[PDB]
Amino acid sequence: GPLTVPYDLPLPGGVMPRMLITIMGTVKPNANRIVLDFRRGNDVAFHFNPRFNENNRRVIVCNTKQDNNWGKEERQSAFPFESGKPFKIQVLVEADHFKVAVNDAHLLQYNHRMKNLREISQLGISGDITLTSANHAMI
């Protein structure tokens, strides 16, 4: 697609409430996973990881990695992605959580574990996708 995967979207000044990140693309026909990683260097404040075939099930895993410890996984069985199909992911930053919507439907909320939001300066987009667009705006 017009953007190369993996793709790093800089977040100058980090994330702040009211920030909306929009990502559009298509899932590859033989997809295994998608990853969105809100990063503070080597740490990952918010890892959003649709897994298409984990023990023969679809699941979204969300987590945080701080000092190479992954935390408690937050798992959602609701899974709005499909092999070969277009998607739109929107992540809205609020003061207490990230809110994620896919295809204009609310999917999940993830409470901030890494709380220095102005230091989360990169969003990495990786995995089995074609990416058409990735951008952010303050709403």
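So that there is no doubt, residue numbering starts at 1 and follows the sequence shown.
The question of which stretch, 46-54 or 69-77, has the higher mean Cα B factor is settled in favour of 69-77. Averaged over Cα atoms, the B-factor as recorded in the entry is higher for 78-86 than for the other of 78-86 and 109-117. Of the candidates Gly124, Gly127, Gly25, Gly14, the one whose C-alpha carries the top B factor in the deposited record is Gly14. Note on the listed residues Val59, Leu36, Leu92, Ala31: the highest Cα temperature factor in the record is that of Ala31. Sort the chain's modelled residues by C-alpha temperature factor and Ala134 lands in the middle third, per the entry.
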